[PDB]
>>> print(open('input-v7.tsv').read())   # TSV, C-alpha atoms
chain	number	residue	atom	x	y	z
A	1	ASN	CA	-173.37	120.89	11.49
A	2	UNK	CA	-173.67	117.62	13.45
A	3	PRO	CA	-170.52	115.12	13.84
A	4	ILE	CA	-171.87	113.43	16.95
A	5	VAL	CA	-169.03	111.38	18.38
B	1	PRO	CA	-171.02	103.46	-4.86
B	2	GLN	CA	-173.47	102.32	-2.16
B	3	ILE	CA	-172.17	102.79	1.36
B	4	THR	CA	-173.73	101.01	4.35
B	5	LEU	CA	-173.58	102.63	7.79
B	6	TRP	CA	-172.01	99.96	10.04
B	7	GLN	CA	-168.92	102.13	10.12
B	8	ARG	CA	-168.47	105.89	9.75
B	9	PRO	CA	-168.78	106.68	6.03
B	10	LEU	CA	-165.20	107.95	5.67
B	11	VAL	CA	-163.78	108.37	2.18
B	12	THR	CA	-160.57	109.79	0.71
B	13	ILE	CA	-160.78	113.26	-0.82
B	14	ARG	CA	-158.21	115.35	-2.69
B	15	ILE	CA	-157.94	119.04	-1.99
B	16	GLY	CA	-155.20	121.56	-2.65
B	17	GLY	CA	-153.29	118.65	-4.17
B	18	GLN	CA	-153.40	116.85	-0.79
B	19	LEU	CA	-155.18	113.57	0.09
B	20	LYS	CA	-157.41	113.55	3.20
B	21	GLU	CA	-160.01	111.34	4.92
B	22	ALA	CA	-163.47	112.90	5.39
B	23	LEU	CA	-166.90	111.91	6.68
B	24	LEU	CA	-169.87	111.97	4.25
B	25	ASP	CA	-172.21	113.92	6.52
B	26	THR	CA	-175.90	114.37	5.70
B	27	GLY	CA	-176.46	116.26	8.94
B	28	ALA	CA	-173.96	119.03	8.07
B	29	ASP	CA	-175.07	121.95	5.87
B	30	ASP	CA	-171.42	122.83	5.29
B	31	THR	CA	-168.04	121.19	4.60
B	32	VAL	CA	-165.59	121.76	7.47
B	33	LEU	CA	-161.97	120.59	7.44
B	34	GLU	CA	-159.37	120.51	10.21
B	35	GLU	CA	-156.92	123.42	10.07
B	36	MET	CA	-154.86	123.48	6.89
B	37	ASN	CA	-153.63	126.13	4.47
B	38	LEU	CA	-155.64	126.51	1.27
B	39	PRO	CA	-154.73	128.87	-1.54
B	40	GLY	CA	-156.65	132.12	-1.79
B	41	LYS	CA	-158.20	134.64	0.57
B	42	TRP	CA	-160.60	133.60	3.35
B	43	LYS	CA	-163.28	135.37	5.39
B	44	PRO	CA	-163.91	134.90	9.12
B	45	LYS	CA	-167.17	133.06	9.74
B	46	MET	CA	-168.87	131.31	12.69
B	47	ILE	CA	-170.79	127.99	12.49
B	48	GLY	CA	-172.64	125.88	15.04
B	49	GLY	CA	-172.43	122.21	15.86
B	50	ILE	CA	-173.73	120.00	18.70
B	51	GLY	CA	-171.54	121.59	21.36
B	52	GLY	CA	-171.85	125.21	20.30
B	53	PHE	CA	-170.26	127.74	17.92
B	54	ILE	CA	-166.71	127.87	16.53
B	55	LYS	CA	-164.87	130.41	14.38
B	56	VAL	CA	-163.79	129.17	10.98
B	57	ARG	CA	-161.99	130.50	7.89
B	58	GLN	CA	-164.13	130.38	4.78
B	59	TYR	CA	-162.62	129.54	1.35
B	60	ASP	CA	-164.88	129.84	-1.69
B	61	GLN	CA	-164.89	127.94	-4.97
B	62	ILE	CA	-162.37	125.29	-3.88
B	63	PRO	CA	-162.22	122.17	-6.12
B	64	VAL	CA	-162.46	118.92	-4.13
B	65	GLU	CA	-162.46	115.39	-5.53
B	66	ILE	CA	-164.63	113.10	-3.38
B	67	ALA	CA	-164.00	109.40	-4.23
B	68	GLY	CA	-163.18	110.38	-7.79
B	69	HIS	CA	-166.20	112.68	-8.21
B	70	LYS	CA	-165.49	116.37	-8.69
B	71	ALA	CA	-167.06	119.23	-6.71
B	72	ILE	CA	-166.15	122.96	-6.49
B	73	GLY	CA	-167.59	124.81	-3.55
B	74	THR	CA	-167.14	126.53	-0.21
B	75	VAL	CA	-164.87	124.83	2.32
B	76	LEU	CA	-164.59	125.99	5.96
B	77	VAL	CA	-161.37	125.35	7.92
B	78	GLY	CA	-161.46	125.24	11.69
B	79	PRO	CA	-161.31	123.15	14.91
B	80	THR	CA	-163.50	120.16	14.03
B	81	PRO	CA	-162.98	116.70	15.56
B	82	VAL	CA	-163.23	115.15	12.06
B	83	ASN	CA	-163.15	116.40	8.43
B	84	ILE	CA	-166.76	116.47	7.21
B	85	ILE	CA	-168.19	116.74	3.68
B	86	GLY	CA	-171.54	118.47	4.02
B	87	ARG	CA	-174.64	118.89	1.87
B	88	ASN	CA	-173.18	121.80	-0.06
B	89	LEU	CA	-170.73	119.35	-1.76
B	90	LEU	CA	-172.76	116.14	-1.44
B	91	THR	CA	-175.44	117.64	-3.74
B	92	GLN	CA	-172.80	118.40	-6.45
B	93	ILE	CA	-171.72	114.71	-6.61
B	94	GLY	CA	-175.37	113.61	-6.58
B	95	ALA	CA	-175.36	111.87	-3.19
B	96	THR	CA	-178.80	110.61	-1.97
B	97	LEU	CA	-180.06	108.65	1.08
B	98	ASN	CA	-181.90	105.41	0.31
B	99	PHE	CA	-183.82	102.90	2.45
C	1	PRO	CA	-187.50	105.94	-0.43
C	2	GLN	CA	-184.79	108.11	-2.01
C	3	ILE	CA	-183.96	111.39	-0.25
C	4	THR	CA	-182.08	114.15	-2.03
C	5	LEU	CA	-179.87	116.56	-0.05
C	6	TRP	CA	-180.99	119.92	-1.49
C	7	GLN	CA	-182.66	120.37	1.86
C	8	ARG	CA	-181.81	118.97	5.30
C	9	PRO	CA	-182.94	115.34	5.33
C	10	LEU	CA	-185.78	115.76	7.87
C	11	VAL	CA	-188.30	112.96	8.38
C	12	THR	CA	-191.10	112.06	10.84
C	13	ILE	CA	-190.19	109.55	13.55
C	14	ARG	CA	-192.29	108.12	16.37
C	15	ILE	CA	-190.94	107.55	19.87
C	16	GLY	CA	-192.70	107.30	23.23
C	17	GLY	CA	-196.03	107.60	21.43
C	18	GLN	CA	-194.90	111.02	20.20
C	19	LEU	CA	-194.46	111.89	16.52
C	20	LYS	CA	-191.42	114.09	15.73
C	21	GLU	CA	-189.28	115.59	13.01
C	22	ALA	CA	-185.67	114.37	12.94
C	23	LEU	CA	-182.62	114.76	10.74
C	24	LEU	CA	-181.19	111.56	9.18
C	25	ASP	CA	-177.49	111.98	10.01
C	26	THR	CA	-174.76	109.71	8.55
C	27	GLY	CA	-172.26	111.83	10.50
C	28	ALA	CA	-173.75	110.95	13.93
C	29	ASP	CA	-172.50	107.85	15.75
C	30	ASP	CA	-175.56	108.07	18.03
C	31	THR	CA	-179.21	109.15	18.08
C	32	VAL	CA	-179.80	112.41	19.99
C	33	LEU	CA	-183.27	113.80	20.68
C	34	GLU	CA	-184.16	117.17	22.19
C	35	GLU	CA	-185.17	117.30	25.87
C	36	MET	CA	-188.11	114.98	26.67
C	37	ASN	CA	-189.32	113.07	29.71
C	38	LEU	CA	-189.19	109.39	28.75
C	39	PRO	CA	-190.14	106.95	31.48
C	40	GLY	CA	-187.23	104.66	32.14
C	41	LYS	CA	-183.87	104.21	33.80
C	42	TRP	CA	-180.98	106.05	32.14
C	43	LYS	CA	-177.22	106.47	32.43
C	44	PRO	CA	-175.47	109.84	32.12
C	45	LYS	CA	-173.03	110.40	29.27
C	46	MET	CA	-171.22	112.97	27.20
C	47	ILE	CA	-171.16	113.35	23.42
C	48	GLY	CA	-169.29	115.93	21.43
C	49	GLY	CA	-168.97	117.51	18.05
C	50	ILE	CA	-168.30	120.93	16.60
C	51	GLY	CA	-168.27	123.32	19.54
C	52	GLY	CA	-167.47	120.75	22.18
C	53	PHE	CA	-169.38	118.28	24.37
C	54	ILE	CA	-172.86	118.22	25.93
C	55	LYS	CA	-174.24	116.13	28.77
C	56	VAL	CA	-177.00	113.70	27.79
C	57	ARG	CA	-179.16	110.97	29.38
C	58	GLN	CA	-178.74	107.57	27.79
C	59	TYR	CA	-181.88	105.37	27.41
C	60	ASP	CA	-181.55	101.81	26.03
C	61	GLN	CA	-183.85	99.61	23.95
C	62	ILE	CA	-186.27	102.37	22.99
C	63	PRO	CA	-188.65	101.55	20.11
C	64	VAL	CA	-188.35	104.17	17.35
C	65	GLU	CA	-190.33	104.29	14.08
C	66	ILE	CA	-188.47	106.03	11.25
C	67	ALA	CA	-190.86	106.78	8.36
C	68	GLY	CA	-192.81	103.54	8.73
C	69	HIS	CA	-189.70	101.51	9.51
C	70	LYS	CA	-189.32	100.03	12.98
C	71	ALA	CA	-186.04	100.15	14.87
C	72	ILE	CA	-185.00	99.77	18.51
C	73	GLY	CA	-181.89	101.00	20.23
C	74	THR	CA	-180.11	103.53	22.40
C	75	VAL	CA	-181.45	107.08	22.45
C	76	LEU	CA	-179.68	110.04	24.03
C	77	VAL	CA	-181.81	112.91	25.38
C	78	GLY	CA	-180.25	116.29	25.97
C	79	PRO	CA	-180.00	119.99	25.11
C	80	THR	CA	-179.65	119.41	21.33
C	81	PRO	CA	-181.00	122.03	18.89
C	82	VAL	CA	-182.33	119.33	16.48
C	83	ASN	CA	-183.54	115.72	16.79
C	84	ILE	CA	-180.87	113.55	15.13
C	85	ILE	CA	-181.09	109.92	13.93
C	86	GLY	CA	-177.62	108.42	13.86
C	87	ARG	CA	-176.05	105.29	12.41
C	88	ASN	CA	-177.08	103.05	15.35
C	89	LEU	CA	-180.67	103.38	14.13
C	90	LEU	CA	-180.03	103.97	10.34
C	91	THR	CA	-178.28	100.62	9.98
C	92	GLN	CA	-181.43	98.98	11.35
C	93	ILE	CA	-183.65	100.44	8.60
C	94	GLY	CA	-181.20	99.56	5.82
C	95	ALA	CA	-180.26	103.15	4.95
C	96	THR	CA	-177.35	103.58	2.51
C	97	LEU	CA	-175.49	106.53	0.93
C	98	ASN	CA	-175.54	106.27	-2.88
C	99	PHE	CA	-173.64	108.22	-5.54
>>> encode(input="input-v7.tsv", output="structure tokens")
Amino acid sequence: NXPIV
Amino acid sequence: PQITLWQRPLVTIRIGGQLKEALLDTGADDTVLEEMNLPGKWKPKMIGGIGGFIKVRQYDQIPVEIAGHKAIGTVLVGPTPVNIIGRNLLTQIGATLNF
Amino acid sequence: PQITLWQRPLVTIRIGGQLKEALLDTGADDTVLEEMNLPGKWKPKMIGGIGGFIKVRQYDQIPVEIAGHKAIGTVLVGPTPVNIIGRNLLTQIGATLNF
């Protein structure tokens, strides 16, 4: 599972 | 609706009677929400992200209203930097990517 | 085209002459590709997500072809498990979320 912040 | 990507695609959702802000996330297989209490039993689970694995609490068959559209599925609760609505719920509301 | 979310939204991209498979991610602020030796000057940086942060090399103005569509922007290279196309490049190909 990617957020990417 | 049609949402452009100049800003994070954050929308309001309703869950457990509460209102929250969540990211429509095509790169997430699952829906993961910041720690909150949801009714019903939960099972310990582990999921991976970009920085590694975290432990989460898994709640099944939870109704969630995403921008007015209804969905009923699995919701994971754990230490995430942002609430994310993953593909498990995005498919129920008929979300698609277009270009 | 129109991409459903029953499966991970994986597409073929081209970068550095190489052809690759990458996930179209509306939940990624940036584009992150798995370890590869691109010629060019870079700046170090850290990006995070579920699990924490990872160190990545930032490359600017890299030409990237996403399914026949040309784009050019910042690409981060690091120990990521999947190649990810984020909003910085999706906005350039006119990608929208529709439901």
>>> interface_residues(input="input-v7.tsv", of="chain B", to="chain A", cutoff="9 Å", atoms="only C-alpha atoms", output="list in words")
residues 23, 25, 26, 27, 28, 29, 30, 31, 32, 47, 48, 49, 50, 80, 81, 82, 84 and 86 of chain B
>>> residues_around(input="input-v7.tsv", residues="region 54-58 of chain C", least_positions_apart="4", cutoff="7 Å", atoms="only C-alpha atoms", output="PyMOL selection string")
(chain B and resi 51) or (chain C and resi 42-48+74-78)
>>> closest_residue(input="input-v7.tsv", among="C:53, C:79, C:21, C:16", to="chain B", atoms="all atoms listed in the file")
C:53
>>> calpha_fit_and_write(input="input-v7.tsv", fixed="chain C", moving="chain B", output="compact mmCIF listing (two decimals) with C-alpha atoms, keeping the file's coordinate frame")
# COMPACT_ATOMS: atom_id res chain seq x y z
CA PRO B 1 -187.49 105.97 -0.24
CA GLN B 2 -184.70 107.92 -1.98
CA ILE B 3 -184.01 111.30 -0.42
CA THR B 4 -182.05 114.01 -2.24
CA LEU B 5 -180.04 116.54 -0.24
CA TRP B 6 -181.28 119.95 -1.48
CA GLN B 7 -182.98 120.32 1.88
CA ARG B 8 -182.14 118.88 5.30
CA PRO B 9 -183.27 115.23 5.27
CA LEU B 10 -185.89 115.68 8.01
CA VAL B 11 -188.46 112.94 8.51
CA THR B 12 -191.22 112.24 11.03
CA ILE B 13 -190.47 109.65 13.71
CA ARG B 14 -192.64 108.16 16.45
CA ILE B 15 -191.20 107.63 19.89
CA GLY B 16 -192.81 107.11 23.27
CA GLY B 17 -196.12 107.39 21.42
CA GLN B 18 -195.17 110.94 20.32
CA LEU B 19 -194.52 112.22 16.76
CA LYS B 20 -191.31 114.22 16.17
CA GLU B 21 -189.22 115.61 13.28
CA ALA B 22 -185.62 114.35 13.08
CA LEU B 23 -182.60 114.67 10.80
CA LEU B 24 -181.24 111.52 9.08
CA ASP B 25 -177.61 112.09 10.02
CA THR B 26 -174.80 109.98 8.54
CA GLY B 27 -172.20 112.02 10.41
CA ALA B 28 -173.62 111.15 13.86
CA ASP B 29 -172.64 107.86 15.54
CA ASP B 30 -175.55 108.27 17.94
CA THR B 31 -179.22 109.34 18.00
CA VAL B 32 -179.73 112.50 20.09
CA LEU B 33 -183.12 114.07 20.78
CA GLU B 34 -184.03 117.41 22.36
CA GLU B 35 -185.03 117.12 26.02
CA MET B 36 -188.12 114.99 26.56
CA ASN B 37 -189.24 112.37 29.07
CA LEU B 38 -188.89 108.76 27.96
CA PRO B 39 -190.04 105.79 30.01
CA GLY B 40 -187.40 103.84 31.89
CA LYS B 41 -184.15 104.56 33.71
CA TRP B 42 -181.33 106.56 32.10
CA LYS B 43 -177.58 106.86 32.68
CA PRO B 44 -175.57 110.10 32.55
CA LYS B 45 -173.30 110.18 29.51
CA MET B 46 -171.23 112.79 27.63
CA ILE B 47 -170.96 113.09 23.82
CA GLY B 48 -169.08 115.43 21.50
CA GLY B 49 -170.22 117.46 18.54
CA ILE B 50 -168.69 120.27 16.44
CA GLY B 51 -168.71 122.81 19.26
CA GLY B 52 -167.61 120.55 22.09
CA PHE B 53 -169.05 118.14 24.68
CA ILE B 54 -172.53 118.05 26.25
CA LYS B 55 -174.06 115.92 29.00
CA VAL B 56 -176.92 113.70 27.91
CA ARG B 57 -179.29 111.13 29.44
CA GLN B 58 -178.98 107.72 27.86
CA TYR B 59 -182.06 105.48 27.31
CA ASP B 60 -181.46 101.95 26.04
CA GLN B 61 -183.62 99.70 23.89
CA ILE B 62 -186.15 102.39 22.94
CA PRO B 63 -188.42 101.51 19.96
CA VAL B 64 -188.51 104.28 17.33
CA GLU B 65 -190.43 104.23 14.05
CA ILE B 66 -188.53 106.17 11.37
CA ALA B 67 -190.77 106.87 8.32
CA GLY B 68 -192.68 103.68 9.02
CA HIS B 69 -189.56 101.53 9.52
CA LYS B 70 -189.01 100.11 12.99
CA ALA B 71 -185.80 100.37 15.04
CA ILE B 72 -185.09 99.61 18.74
CA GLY B 73 -181.92 101.10 20.11
CA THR B 74 -180.16 103.61 22.33
CA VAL B 75 -181.50 107.17 22.31
CA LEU B 76 -179.68 110.08 24.01
CA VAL B 77 -181.66 113.10 25.27
CA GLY B 78 -179.94 116.42 25.71
CA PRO B 79 -179.38 120.01 24.45
CA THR B 80 -179.08 119.51 20.69
CA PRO B 81 -180.08 122.19 18.16
CA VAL B 82 -182.01 119.55 16.16
CA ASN B 83 -183.24 115.96 16.73
CA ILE B 84 -180.82 113.66 14.91
CA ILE B 85 -181.13 109.98 13.93
CA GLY B 86 -177.61 108.58 13.90
CA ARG B 87 -175.89 105.51 12.48
CA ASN B 88 -176.89 103.32 15.40
CA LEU B 89 -180.54 103.46 14.16
CA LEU B 90 -179.91 104.15 10.47
CA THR B 91 -178.21 100.72 10.16
CA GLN B 92 -181.30 98.96 11.65
CA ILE B 93 -183.60 100.42 8.93
CA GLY B 94 -181.01 99.60 6.26
CA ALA B 95 -180.13 103.17 5.27
CA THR B 96 -177.24 103.52 2.74
CA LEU B 97 -175.56 106.45 0.91
CA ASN B 98 -175.58 106.25 -2.89
CA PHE B 99 -173.97 108.33 -5.65
>>> closest_residue(input="input-v7.tsv", among="C:92, C:60, C:87, C:18", to="chain B", atoms="only C-alpha atoms")
C:87
>>> residues_around(input="input-v7.tsv", residues="residue 68 (chain B)", least_positions_apart="5", cutoff="9 Å", atoms="only C-alpha atoms", output="ChimeraX atom specification")
/B:12-14
>>> atom_distance(input="input-v7.tsv", atom1="CA of residue 34 (chain C)", atom2="CA of residue 7 (chain B)")
24.6 Å
